[PDB]
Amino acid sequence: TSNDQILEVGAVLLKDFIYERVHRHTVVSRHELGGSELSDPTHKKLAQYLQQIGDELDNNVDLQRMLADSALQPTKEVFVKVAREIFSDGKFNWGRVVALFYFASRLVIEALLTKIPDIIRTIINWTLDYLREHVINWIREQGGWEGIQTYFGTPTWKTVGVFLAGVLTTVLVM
């Protein structure tokens, strides 16, 4: 319910997001990442939600083959090139933010794998800084970390309406 609070909530979600991605994948501790385990129910439930999207993405083999490209490295120029490309058209939506989250979590995993744990807070701050400088007025226009399940759910909600209407056509007209 404020720019500072939206980013502070983003930080706690991003940290917990990367922790669980590494956790169910090499170990990194919440304290290493700069976060505490969520206590807020709203945060905990959105965190549980973000995790299911991460699992859907893990099961995209073509995504995984890209992330395994040797060019995918836990480095400033990789982060900046990718972050900018995610958002470059200005048509923001919650899939853009999640894709940045998921991409960040993989840089952290690669920093673990390549034995440079010391950059992990830096990866985190790259990601928070980009949100702070470019994405936070958008999120505020959503009223906070709100609208997430509206955005991912609407397209399939609509197919229910189209399905029911076809049932009714079949049954009331024919």
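One-based numbering along the sequence shown.
Counting the deposited residues that fall between residue 25 and residue 26 and carry no coordinates gives a value of 4 to 9. Taking only CA atoms, the mean B-factor in the PDB entry is higher for 31 to 39 than for the other of 131 to 139 and 31 to 39. When the two stretches 58 to 66 and 141 to 149 are set side by side, the higher mean Cα temperature factor goes to 141 to 149. Residue 162: CA B factor in the lowest third of modelled residues in this chain (values from the PDB entry). When all modelled residues of the chain are sorted by CA temperature factor, residue 115 is found within the middle third.
Residue 123: CA B factor lies in the lowest third for its chain, per the PDB record. Among all modelled residues in this chain, the alpha-carbon of residue 50 has a temperature factor (C-alpha) in the middle third.
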